[PDB]
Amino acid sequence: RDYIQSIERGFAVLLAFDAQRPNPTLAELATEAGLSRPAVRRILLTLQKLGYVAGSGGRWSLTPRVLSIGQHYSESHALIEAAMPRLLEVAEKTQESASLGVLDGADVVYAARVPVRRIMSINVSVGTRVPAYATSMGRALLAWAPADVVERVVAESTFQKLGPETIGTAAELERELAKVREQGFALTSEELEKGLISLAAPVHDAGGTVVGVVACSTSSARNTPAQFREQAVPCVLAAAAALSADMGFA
């Protein structure tokens, strides 16, 4: 009708790949994608012609051309490049990795990252997805968002218990959103994962629309939430403010 299911299946094949299993057979991909082998074979051959996969010896690999499509999101969103120097200022000051988060349905996606080298690794790459309900980024992105947006997120939010302190209910989400509006930032402790503490502050575009958040995380082994707030809040808010200015916010 207006729905091209093969496009869906094309993505399903790409997403069936595991970063840690770089060279699967057709059969492994089709089982992962939940698609028939003839479907997967035809998709693979198309993706190969387009330069996204390479096939050899019954096995298949992604190519770097697979990162190229993602790079178009960044190229067409100037906030990403502008973010980098501001995130570096956060990472240097705190010695904690600094990120730009953007809303994508019920998830937040890490759109840009300045990592710090520890073994005590708070591990996410660009394109990593985390639920909005359970994160500081989520809350700083939803605190000033429309009610319909929020409901649409809530409807899709699994509200899993991910850490010892993860909120349970949407009624509870709403109480955290209220705090964020009063604070001007979100703080979460042990909600996305055991031992994980995060701050995030909203970034505004020229219209005063919250288009992203500057975020910084620590381990509870390094700081208590109150310590992390006292230490890191000033530079997280200053980074978001500058980034907002960069976008033409007044």
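So that there is no doubt, residue numbering starts at 1 and follows the sequence shown.
Higher mean CA temperature factor, per the PDB entry, when comparing 71 to 79 with 113 to 121: 113 to 121. Per the PDB record, of the two stretches 145 to 153 and 86 to 94, 145 to 153 carries the greater mean B-factor over its C-alpha atoms.
In the deposited entry, the Cα temperature factor of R229 places it in the lowest third of its chain's modelled residues. The deposited CA B-factor of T158 belongs to the highest third of values across its chain. When the modelled residues of the chain are ordered by C-alpha B-factor, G34 sits in the middle third. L173: CA B factor lies in the highest third for its chain, per the PDB record. Among the modelled residues of its chain, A238 has a C-alpha B-factor that falls in the lowest third, as given in the PDB entry.
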